[PDB]
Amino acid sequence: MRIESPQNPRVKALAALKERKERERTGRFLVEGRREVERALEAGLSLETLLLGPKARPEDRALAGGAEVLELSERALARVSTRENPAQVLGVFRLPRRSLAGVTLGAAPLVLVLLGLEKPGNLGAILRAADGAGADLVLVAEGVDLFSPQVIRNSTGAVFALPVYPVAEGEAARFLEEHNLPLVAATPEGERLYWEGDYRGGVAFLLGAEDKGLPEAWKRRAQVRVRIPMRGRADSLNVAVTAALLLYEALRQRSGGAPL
């Protein structure tokens, strides 16, 4: 009924999911935290195993929906957790099958295109901003991991309900072309202030990665290049901050505000 040893074969296997290689091998991933488990369930992900720590609430067990439930000791729980302070509720979920083929957009979508691999921390924060501003689609680089403990924790589970898709650059470009999305490249030296863009119709914002920045080919194909002004001698802002600024400017305009 209650797994006590951190050396239990079941506990070692659960702790193994901390590695992306193991998640890919098993086709499963661990969602740590009551709120994140709630979000995965509500997003429709399939719960395989519910994990309950010594201080779990009675309601937590009722989340199982017929999945296997495991009670863990503090020691066993600490082994499985990626937190300094382990959550009392965790769930092992099945990796989902999703693609862009199932995406349908309206006449004026709000789209974010994240090019390159971002520093850890940035994707989760971007996803939080996209959730807040109500982006209709987020494209990320192929091979970006949407199921790491890091992105689950840093997005506070926002990753699960958001329309976010890792896609190869060529297919991303074709998808945007096929849906006739105006591309707006965000770059520190862009010729237009970002407030002067018109985001009341469909827009796809293009953002580069913290180091290399936006690839020259993407900058050129965009119809507009916009900058966020920097009044100090700082070069650039963090990419997640930039994403939030762009998304909420679009929301301002869509809420009745005029472009500058």
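Start at 1 and count along the sequence shown; that's the residue number.
Peer 1: Which of the two stretches, 127-135 or 68-76, shows the higher mean Cα temperature factor in the record?
Peer 2: If you average the C-alpha B-factors of 127-135 and of 68-76, the larger mean comes out for 68-76.
Peer 1: Which has the higher mean CA temperature factor in the PDB entry, 237-245 or 16-24?
Peer 2: Higher mean C-alpha B-factor: 16-24.
Peer 1: Which one of 227, 39, 212, 231 shows the top CA temperature factor in the record?
Peer 2: In this record, 212 carries the highest C-alpha B-factor of the candidates.
Peer 1: Per the coordinate record, which of the options 109, 157, 102, 149 holds the highest CA temperature factor?
Peer 2: Highest C-alpha B-factor among the listed residues goes to 102.
Peer 1: Could you place residue 198 in the lowest, middle or highest third of its chain by Cα temperature factor, using the values in the record?
Peer 2: Answer is lowest: the recorded C-alpha B-factor places it there.
Peer 1: For residue 117, return the chain-relative third of its C-alpha B-factor as stated in the PDB record: lowest, middle or highest.
Peer 2: Tercile = highest for this residue's CA B-factor.
Peer 1: Sort the modelled residues of this chain by their C-alpha B factor and say whether residue 86 lands in the lowest, middle or highest third.
Peer 2: For residue 86, the deposited C-alpha B-factor lands in the highest third.
Peer 1: Looking at the C-alpha B-factor of residue 217, is it in the lowest, middle or highest third of its chain?
Peer 2: Ranked within chain, residue 217 CA B lands in the highest tercile.
Peer 1: With respect to C-alpha B-factor, does residue 192 fall in the lowest, middle or highest third of the chain as deposited?
Peer 2: CA B-factor rank for residue 192: lowest third.
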